[PDB]
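The block underneath contains the structure these notes are about, expressed in structure tokens.
Here's what the structure looks like:
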């Protein structure tokens, strides 16, 4: 249950980036709203979940040097 | 009784992160707000809950060096 | 009379962390609200109330060194 | 009239800490609220009165060293 | 599906920069609002998604010197 | 399809500078609020778009020194 | 359109300085508002558009010294 | 359970308000017979003059309990709130997670079913 | 799509509030026959007294559905709210992105037109 | 209280044992050093049933399961018959011995 979690979180990230993270909804007496996260913490959450799950490698180890 | 609360906190983290951490709910004449927190505190709480629970290893004792 | 105190403090910590510390409740003509407490201070209170009780240790003294 | 002061202060501290310190109450034409006090200074005050009254020993006189 | 949301995000950025990112819309008790972002994060998101997708080169690797 | 974007952005900057970047619109029940941008990021967008598009020579590099 | 653009911008700047940078216009049922801009940014925008325009001398090249 | 993502929130809201406000009363008679249910009892005023002066000043008790246990409540059955005694005379339709209960005093007047 | 700059935002808001608020109602009979729509259902309580005491306390169901999915809905056909079934008594004109479907209970009473 | 420190000699020849990686579709926990064949329908990697003849493609190098999107397996070399996790379907030894014929994998 990590792949669909990744998909949902990434879709939420993309829509928040573009236009589609709705915060409040109102129905003239039936209204609610949700708290909002931050772009940076959402991105690092995405990175953490993808690295912990079984998808492909995304980051290598340091960097070699030679003359 | 650590597993159920660990799972609940993880699901709440995901739900808050994506779009659905509802803060106030209002039906006609009936408002109620649940206080909200940051995300770093939630992450450190879920990490400490997992580590105190008899879960798998997540930490390594420093790191030795060899030539 | 401290075991239930610890239980209440832990439950409050858990619900506040996930979703369930209501800060205001409004009924038509009947609304009340409670002051909110920071998570760090609640953790301080949890730790001190737990250690002052006769329950088992969660803490040990400083560690020495040897070659 | 000191021990009951101590008990009331501790009870109020616990109530504030968990969820219970009611800030405001609204009835039909009854808006009554009380200013909140920070947990840090509340703890300082309760500790001060506890050590002022005839309570048992909590503080100790520094700490000597010996080889 | 990369270029589609690339173009969507670019268009959203152009809109926000110009004039008409809808912060909130209401009509007779039907009120909704969308969370806002920052131009910096939107531009860096555009850049990173462009790098992830198969767009042509935009940045290069340092620059050597020679007399 | 970048020159018309440049023209639109320049016109938007001009009207925003003078008097004519509308924030809110209200018609007795229908209201629309648009996100507020700044001037620095707007002119940064203007500069980046004009340099990337087929706009003519406007920028030159370093400087020479001689006696 | 540089000349009339400059004239309109300068007149708007003068009006903003004096008394008539209208922030919002409200008639019963219809309320709108325009975004508010700073003054220094407007002044520097005026200066740069002027120097871009083929108007008269406005700047000079550093300064000369002689005993 | 709730196919809205919002009815769960409204149910949490209603249980929270019923827990932090109101009282618990024991249903009397009816198909529920002996049972205890917690609601939020309020009671405004109502005045009627009838003739010139025949003022019959009374009260309009309401309970507003959740919909789950209010089912198969019917009308003729009674209800005791704390120490006082009442009886249901009207039930509002569900607003999503609850409904208002209107309470008369004393014994319900007859049945007059047929 | 439409020369509004505002109705597009209205439609997006309507879709969002349909998604986050309301339930899925399926229609039966009529030219739509069987179809599934998302709409926010409400049921305010209304009472009439008529003569001496004729309390006929009832409900006024409304659904607030988008006109696009309910084009040529007519009036005679029925509707089902999940397990419950209704019948459209009237349809409001669209306000720009949707309208309100006002419903009655049971079966529509005859036709009575010719 | 008789601990036997048996030496581990998985391979049985001097030929090199190269590895390769490919996405896998194991439906059960697959221990290392296990024969596996390419799926007929999905063309994915699954443990060899022991009944299909010649369909086996290699020997699993490292342990994996359903969660493992891809996996590494031996593609060249020669191993011993004893330390191969044969499926229980494989009854007679001779077909197991000849199972990897025609590939870079051999058994002894």
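Chains as they are written, first to last, in UniProt numbering: chain A, 2 to 68; chain B, 2 to 68; chain C, 2 to 68; chain D, 2 to 68; chain E, 2 to 68; chain F, 2 to 68; chain G, 2 to 68; chain H, 3 to 116; chain I, 3 to 116; chain J, 3 to 110.
Beta carbons: idealized from backbone N, C-alpha and C, even for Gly.
Beta-carbon neighbours of residue i, restricted to chain C and to distances below 8 angstroms
{"i": "residue 52(D)", "result": "None at all; the shortest Cβ gap to chain C is about 15 angstroms."}
Listed by chain order, chain A residues near residue i by CB distance under 8 angstroms
{"i": "residue 70(J)", "result": "55"}
{"i": "residue 8(E)", "result": "Within 8 angstroms Cβ-Cβ: nothing; residue 8(E) doesn't reach chain A, min ~11 angstroms."}
Neighbour list for residue i in chain H, Cβ cutoff strictly below 8 angstroms
{"i": "residue 25(I)", "result": "5 and 6"}
Within chain E, partners of residue i - CB distance below 8 angstroms
{"i": "residue 18(I)", "result": "33"}
{"i": "residue 112(I)", "result": "What residue 112(I) touches in chain E: nothing, since even the nearest Cβ is about 35 angstroms away."}
Cross-chain neighbours of residue i in chain G, by beta carbon under 9 angstroms
{"i": "residue 40(F)", "result": "38, 39, 42, 43 and 46"}
Chain-ordered chain F contacts of residue i [CB-CB under 7 angstroms]
{"i": "residue 5(G)", "result": "By Cβ distance, chain F contributes nothing, its closest Cβ being about 11 angstroms from residue 5(G), past 7 angstroms."}
Contact set for residue i: own chain, Cβ-Cβ below 8 angstroms, skip 5 residues either direction
{"i": "residue 60(G)", "result": "52"}
{"i": "residue 130(F)", "result": "The shown model of chain F, from 2 to 68, leaves out residue 130(F), and the question about it has no answer."}
{"i": "residue 46(J)", "result": "25, 26, 27 and 40"}
Other residues of its chain near residue i: CB distance less than 6 angstroms, five sequence neighbours each side excluded
{"i": "residue 34(D)", "result": "24 and 25"}
{"i": "residue 37(H)", "result": "29"}
{"i": "residue 22(E)", "result": "16"}
{"i": "residue 33(H)", "result": "74"}
{"i": "residue 10(E)", "result": "47"}
{"i": "residue 27(C)", "result": "none"}
{"i": "residue 58(C)", "result": "none"}
{"i": "residue 62(I)", "result": "46 and 48"}
{"i": "residue 31(I)", "result": "79 and 80"}
beta-carbon residue i near the ligand FMN non-hydrogen atom, thresh 7 angstroms
{"i": "residue 28(G)", "result": "Questions concerning the ligand FMN fall outside what the structure shown contains, since it holds no ligand whatsoever."}
Cross-chain neighbours of residue i in chain C, by beta carbon under 9 angstroms
{"i": "residue 64(B)", "result": "Within 9 angstroms Cβ-Cβ: nothing; residue 64(B) doesn't reach chain C, min ~18 angstroms."}
Cβ shell of residue i (< 7 angstroms), same chain only, five flanking positions each side left out
{"i": "residue 1(I)", "result": "Past the edges of chain I, shown from 3 to 116, lies residue 1(I), and the structure says nothing about it."}
{"i": "residue 1(J)", "result": "In the structure displayed, chain J extends from 3 to 110; residue 1(J) sits before or after that span and is not available."}
{"i": "residue 107(H)", "result": "88"}
8 angstroms Cβ cut-off: residues of chain B touching residue i
{"i": "residue 12(H)", "result": "26 and 28"}
Below-8 angstroms beta-carbon distance, residue i vs any chain K residue
{"i": "residue 53(C)", "result": "Absence of chain K from the displayed structure is noted, the protein chains being A, B, C, D, E, F, G, H, I and J."}
Chain H residues whose Cβ lies nearer than 7 angstroms to that of residue i
{"i": "residue 1(I)", "result": "Here chain I covers residues 3 to 116 and nothing more, so residue 1(I) does not appear."}
| Taking Cβ-Cβ distances below 8 angstroms as the criterion, which residues of the segment 14-38 of chain B are in contact with chain H? | 21, 23, 26, 28, 29, 31 and 33
| request: Answer yes if the segment 78-87 of chain H comes into contact with the segment 45-55 of chain H, meaning at least three C-beta pairs across the two stretches below 8 angstroms, and no otherwise. | output: no
| Interfacial residues, the segment 89-108 of chain I to chain E, with Cβ spacing under 8 angstroms | Taking 8 angstroms as the Cβ-Cβ cut-off, the segment 89-108 of chain I approaches chain E at 97 and 98, given in chain order.
| field | the segment 26-39 of chain G contacting the segment 52-68 of chain A, beta-carbon criterion three pairs below 8 angstroms | value | no
| Is the segment 92-112 of chain I in contact with the segment 16-24 of chain J, if contact means three or more CB pairs nearer than 8 angstroms? | No: the two stretches stay apart, fewer than three of their Cβ pairs being nearer than 8 angstroms.
| said: With three or more C-beta pairs closer than 8 angstroms as the rule, is the segment 8-25 of chain I touching the segment 34-43 of chain I? | reply: yes
| Near-chain C residues of the segment 29-45 of chain H (beta-carbon distance less than 7 angstroms), N- to C-terminal order | 42
| message | Could you check whether the segment 21-41 of chain J touches the segment 59-68 of chain J, counting it as contact only if at least three pairs of C-beta atoms, one from each stretch, sit closer than 8 angstroms? | response | yes
| field | Members of the segment 51-68 of chain I that neighbour chain H once the beta carbon cut-off is set at 7 angstroms | value | 59 and 61
| Sequence ranges, beta strand (DSSP E) only - wholly within the segment 26-99 of chain I, length at least 3 | 37-41, 80-83 and 86-93
| said: If contact is defined by three or more beta carbon pairs under 8 angstroms, each pair taking one atom from either stretch, is the segment 41-48 of chain F in contact with the segment 2-17 of chain F? | reply: yes
| field | Continuous alpha helix (DSSP H) assignments of at least 4 residues falling wholly in the segment 24-62 of chain G | value | 41-53
| message | I'd like to know if the segment 78-88 of chain J and the segment 38-46 of chain J are in contact, where contact means that at least 3 CB-CB pairs between them fall below 8 angstroms. | response | no
| 3-residue-minimum beta strand (DSSP E) runs that sit fully inside the segment 35-65 of chain J, ordered along the chain | 37-40, 47-49 and 58-62
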